[PDB]
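Novice: Got a structure for you, questions after.
Laid out in structure tokens, this is it:
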């Protein structure tokens, strides 16, 4: 269920931003100066709600690597 | 000496991208583009009479980010609208992101803390918007070879 | 580069209009015409011991506006009369307006907060009148394309 | 542009007359002749929690006037005698008047508030006498056309 | 203009005599010889709520006098001995006098308030002795024509 | 004079080694490499009414060390990772060492006290990391002939 | 004028001797060698309401002495060892002496009050050691003719 929810909401969140950004003209473009914003787009909708609700884990381990 | 060149590609300031709310900022000032600071130091030291030392970890990591824009820039309009939006509706937060071309990045949420001082004269002025950022841990992700 | 011209029409400082009480101000100083500031920041942050964060919306939006005039200007007379008028009769408020030629505007009411320092010497002096403005939200209305 | 000449007669600093006690002052310093200031701002603002705003009118209008004189001037003698006169007899007040050649005037009573710092060196020094003025409302009377 | 010559005899700084304890001081510094100041202003103003004004006459007239001497001067010895003299025996006071060549004089008693900062370097230093003067009313006696 | 040459071998700044955690630091700024300070003076003096003097020995010897690095340096990454490491896991301390080429050394443990102010502009910036050092007694060990 | 030559023998800064603990100091900085100051002024003045004046003699005469040394100097080692010596064993005091070539001398005991700020850069640095001196009465003994 968690995997299905993450998949659906990631697709939803990317599509909604892309369409809204293409409806004012100024459609997204494949360039190094425009692609990074997907980091915020993804970090916003699914991930920052999963962390708050506690489904997604965070912190540091011992494996000696961050979660 | 050429054996200690710290940057093999010249540092181009235009590579530094800033996204607020998902739109790329533009129209910056003359000398400095951004400044990122913390408010509180990392740990607190409580030293006893005889030299016993104990330390504490801070839990307030908020910082402040300054954004210099020419007062003729168009982005002054977007921030000015946003202030009134939040003052009435009560929605203040907004995603913030920074790209460390050859330095440290940043990716968090923030809000407009104060509005700058608008001045008109014989030269095109300047504005220093304060975007308080909720969490201000700098990220080394842009650097390669960090083991 | 010519693909990043931030102003296609040169910024002419004479387009900046200021109306106080319905009459157009004139007789300004050498370098700066006006400066607009707030007194209080927009929101207050109350952070708990364990990191719980909560925010509050300010309700004091008053600001201060400085108006530089040559001490030989005629408008010094109108402001000087107005001070005594309000001190006795008790009517202080007066409409204030600003035109952001290629920037942010302002339209509110204000009053004379303090009188400047009058000095006489070998050069024509200067005066900095303080016109406290009741509400200081800058308006982007002059800018086109604000969606 | 010649259509915005703010003064059709050159501002001659020698027209600024100052009378203390009925005698004309003379023997001034190099750069600045006088400076007039207030101590308190005009009104007080008491803003409530929810934004209710109410204002109060000040009732302390005293100001301070500085008078720069070369330490070789003869008028230093008259002020120095006056200090001792008032310290013993208890009569401090004395009429004060100022003529705003092309600016704001002043006409009130005042007293010597403090004595300056006397210094002797390789150049003729300077003295800054403080003449506290009981009431410091500037007068536009010298200006014509004030409707 | 030659009709406003404020001094018909050039001001010669060497005419300024200073006597402490009855011996003439000598060995002064490069720029400033002396500085005389008061500590308290002349009168106190107590203004009421509704504008009632009343004034008070001060009764502390003590001042401070600074005396610049080259650290190679011989008079540094006399002052240094005097400090220890008073610290043990308890006799501090000593007559002080000043001659206002073309200015204001002074004639009172005083004591050494503090000792300066002695510094040695590549240039002949300087010392600023503080001679607290019991009463600091400047005298116009040197000026003629004071009616 | 050649009989007072204080250094027979020129002082080469590159000999000054700094090791944090066992790795050699590199990528320093333009003018100053490091600065070491204490927080508290060595002893406390308690002087009585009649001149009785007694002294106390301090027991807080902590100091602060500043480390200037160009913001394009790679070592900014290692420190930035370390901050988060300690904030979560609670392990803050880390060995610190300094080599006094022709001066005083240092060898103790320390932690990152605060993070600097990151600024981006037309020139390669700078960063001032604060490495609080637990004990800050400078060591003369590099100097020969210390009897 | 040649009749007022204040020093018939040029002031040679190298004649100023400083002995700490019985060994002659050497390795000084570029501009200033030493600075001697007091902490408290000589007497206290208690003035009554009606002008009654009474004075008190101080009993705290401690001062501070600064000693500028190039950071490459060898004497930095001796002071650094001395700090640890006193911190553990508790013996802090040490004789101090100064020779006033053509000025005021000094002869008392003192201790190291604080350690300076050690900095490494592209130029040979500097250090300002603070040698608190128990009693700081300057002595005119070097001057002849003091009756």
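Protein chains in written order, with our numbering: chain A, 2 to 68; chain B, 25 to 171; chain C, 25 to 171; chain D, 25 to 171; chain E, 25 to 171; chain F, 25 to 171; chain G, 25 to 171.
Beta carbons are placed, not taken as given, at the ideal position from N, Cα and C, and that holds for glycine.
1) Taking only the alpha-carbon atoms, compute the straight-line gap between residue 118 of chain E and residue 64 of chain E and give it to the nearest angstrom.
2) Could you please give me the residues that DSSP links to residue 47 of chain E through a beta bridge?
3) Please go through the same chain and pick out, in chain order, the residues whose beta-carbon is closer than 8 Å to the beta-carbon of residue 33 of chain C, but skip the five residues on each side of it.
4) Hey, would you say residue 112 of chain E sits closer than 7 Å to residue 132 of chain E, going by beta carbons?
5) Buried or exposed, going by whether 16 or more other CB atoms sit within 10 Å of the CB of residue 171 of chain E?
6) With a 10 Å radius around its C-beta and 16 neighbouring C-beta atoms as the bar for buried, classify residue 43 of chain B as buried or exposed.
7) DSSP on residue 64 of chain G, reduced to helix/strand/coil?
8) Rounded to the nearest angstrom, what separates residue 35 of chain A and residue 83 of chain B at their Cα positions?
9) I'd like to check one pair, residue 86 of chain G with residue 152 of chain G: are the Cβ atoms closer than 7 Å?
10) Taking DSSP as the reference, what is the three-state secondary structure of residue 76 of chain E?
11) Could you tell me which chain H residues have their CB closer than 7 Å to the CB of residue 113 of chain F, listed as they occur along the chain?
12) Buried or exposed: which applies to residue 35 of chain D, given that a residue is buried once 16 or more other Cβ atoms fall within 10 Å of its Cβ?
13) Beta-carbon within less than 6 Å of residue 62 of chain G's beta-carbon, same chain only, minus the 5 sequence neighbours each way: which residues are those?
14) Nearer than 6 Å: is that true of the beta carbon of residue 135 of chain D relative to any heavy atom of the ligand PLP?
15) Using a Cβ-Cβ distance cut-off of 7 Å, determine whether residue 139 of chain G contacts chain F.
16) Can you give me, in chain order, the residues of the stretch 50-65 of chain E that have a beta carbon less than 7 Å from any beta carbon in chain D?
17) What does residue 109 of chain F touch in chain A if you count any residue whose Cβ is under 8 Å from its own?
18) List, in order along the chain, the chain E residues whose C-beta lies closer than 8 Å to that of residue 5 of chain D?
19) Residue 132 of chain C lies in the beta strand (DSSP E); which residues open and close that run?
20) At the level of alpha carbons, what is the spacing between residue 45 of chain G and residue 108 of chain F?
21) Just reading off the beta strand (DSSP E) that residue 158 of chain D is part of, what are its end residues?
22) Does residue 169 of chain G come out as helix, strand or coil in the three-state DSSP assignment?
23) Since residue 92 of chain C and residue 26 of chain C are thought to touch, with beta carbons under 8 Å apart, how far apart are those beta carbons, to the nearest angstrom?
24) DSSP state of residue 52 of chain A, grouped into three classes?
25) So who's on the other strand from residue 59 of chain D, going by DSSP bridges?
26) Could you list which residues in chain E have their beta carbon closer than 9 Å to that of residue 91 of chain D, in chain order?
27) Beta-carbon of residue 71 of chain D versus every beta-carbon of chain C: anything under 7 Å?
28) Sort F:122, F:116 and F:96 by Cα distance to residue 59 of chain F and report the nearest one.
29) Could you round the C-beta distance between residue 47 of chain B and residue 162 of chain C to whole angstroms and report it? I think they count as a contact, below 8 Å.
30) Just mark residue 99 of chain G as buried or exposed, buried being the case when its beta carbon has 16 or more other beta carbons within 10 Å.
31) Would a check of beta-carbon distances place residue 41 of chain C closer than 7 Å to chain B?
32) Where residue 79 of chain B and residue 102 of chain F are concerned, what is the direct C-alpha to C-alpha distance, given to the nearest angstrom?
33) Can you name, in chain order, every residue of its own chain whose Cβ lies under 7 Å from the Cβ of residue 134 of chain B, other than the five neighbours on each side?
34) Please report the distance separating the alpha-carbon of residue 143 of chain F from that of residue 167 of chain D.
35) Using 7 Å as the limit for Cβ to Cβ distance, is residue 26 of chain D near chain C?
Specialist: Per the coordinate set shown:
1) 23 Å
2) E:44
3) Here the set comprises 126.
4) no
5) Classification for residue 171 of chain E: exposed.
6) buried
7) Coil.
8) Near 34 Å, if we compare the C-alpha coordinates of residue 83 of chain B and residue 35 of chain A.
9) no
10) coil
11) Within the model displayed, chain H is absent; protein chains A, B, C, D, E, F and G are what it includes.
12) Label assigned to residue 35 of chain D: buried.
13) The answer, listed in chain order, is 87 and 160.
14) Within the structure as shown, the ligand PLP is missing, as the structure has no ligands at all.
15) yes
16) 55, 56, 57, 58, 59, 60, 61, 62 and 65
17) 61
18) In the structure as shown, chain D starts at 25 and stops at 171, and residue 5 of chain D therefore has no counterpart that could be examined.
19) 130-138
20) 50 Å
21) Run containing residue 158 of chain D: none; DSSP gives neither H nor E here.
22) coil
23) With a Cβ gap of about 35 Å, residue 92 of chain C and residue 26 of chain C do not count as contacting.
24) In the displayed model, residue 52 of chain A falls within a helix according to three-state DSSP.
25) C:143 and D:90
26) Ordered by position in chain E, no residue passes the 9 Å Cβ test against residue 91 of chain D, which lies about 15 Å from the chain.
27) yes
28) F:122
29) Rounded, the Cβ-Cβ distance is 20 Å, inconsistent with contact.
30) Answer is buried; the Cβ neighbour count reaches 16.
31) It does not; no Cβ of chain B falls within 7 Å.
32) The alpha-carbon atoms of residue 79 of chain B and residue 102 of chain F are separated by roughly 22 Å.
33) 89, 118, 120, 155, 156, 157 and 158
34) 52 Å
35) no
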